[PDB]
Structure formats: structure tokens, C-alpha cells
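Novice: test case, fold it:
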Amino acid sequence: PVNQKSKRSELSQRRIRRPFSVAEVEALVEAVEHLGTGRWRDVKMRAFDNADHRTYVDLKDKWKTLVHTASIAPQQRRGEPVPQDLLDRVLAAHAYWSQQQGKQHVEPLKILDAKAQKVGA
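Specialist: Numbering: from 1, shown residues only. This is the structure:
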């Protein structure tokens, strides 16, 4: 025998830069989960090794699209293959932290954060 299948088609799209690799993005979420959605500067320092004088908005944009990719907007689909492990962790922090400000849909979970101290000469 032999059958066919149907799928969805794209319409529009906008982008200037390139997508982040699973290994790269893996840090964005992991960092946002520990540092939360209130410490972007720390997320860049913990995630990106070269976050000396790097911006904090960069990581903020990547995350925004990350969570939306988990299961929010249909047109927000980056298209590229994304690990369900990240999308899940992202929505966890985005929703968990969201409860602090707004309210849309959270889950039964909690987390924490903390910094360290390193003095030299």
C-alpha cells in the first residue's frame, strides 16, 4: 500500500543574525534557570565565557524567542530543530518567575539562586 500526509506551511519571517546551537542555547536556559529572569548580567557571565563588557539584552532576546518556541506563538516557530528538554526548562522559569509579576500559567515547582565571591591581589 501507500498513503500521503499533509503539513503546515510558512508565510513570513524576519531575522538578521543566526540561530544558537543546542550547546550554546543550553547555557541561556540553564543560566536563566539559576539566575532567573531578573539577573541577565549574571546569565551572560555564567553562560557566555566572554561576558566582560557584553550586553545583557542579547541573552534576553534569545530567551524571549526560546520560551515562545516551547509552545506559545505558531508564527514564532524558529523552524530549526529544538530539544524538548530546553523548551521545557525555559517555560518552567518563564512561567515560575512570571507568577512574581503577572499570571498566565505556572506549574508546581520552585527554585533558588546565589552568587559567590572571588578576591585576588
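
Novice: can you give me the neighbour number for residue 24?
Specialist: 12 (other Cβ atoms under 10 Å). Every residue, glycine included, has its C-beta placed from N, CA and C.

Novice: for it, what are its contacts?
Specialist: For residue 24, no contacting residues are found, by Cβ atoms under 8 Å, 6 or more residues apart in numbering.

Novice: tell me the first helix or strand C-terminal of the strand or helix carrying it.
Specialist: Using DSSP states H and E, the element containing residue 24 is helix 22-35. Using DSSP H and E, the next helix or strand after helix 22-35 towards the C-terminus is helix 40-47.

Novice: okay, buried residues for that next one please.
Specialist: Neighbour-count burial for helix 40-47, with 16 or more other Cβ atoms under 10 Å as criterion, is recorded at 40, 42-47.

Novice: show me what that helix is in contact with.
Specialist: Here helix 40-47 has contacts from 27-28, 30-32, 34-35, 51, 54-60, 115, using Cβ under 8 Å, 6+ apart.

Novice: list just the nearest of those to residue 73.
Specialist: Nearest to residue 73 among the contacts of helix 40-47 is residue 60, at 17.2 Å by Cβ to Cβ.

Novice: how far off centre is stretch 33-53?
Specialist: Computed by Cα atoms, centre = their mean, to the nearest Å, the separation of stretch 33-53 from the middle of its chain amounts to 12 Å.

Novice: stretch 99-117 now?
Specialist: Its chain's average C-alpha position is 14 Å from that of stretch 99-117, according to Cα atoms, centre = their mean.

Novice: same question, stretch 54-65
Specialist: 9 Å.

Novice: what of stretch 23-40?
Specialist: On Cα atoms, centre = their mean, the centre of stretch 23-40 falls 7 Å from the chain's centre.
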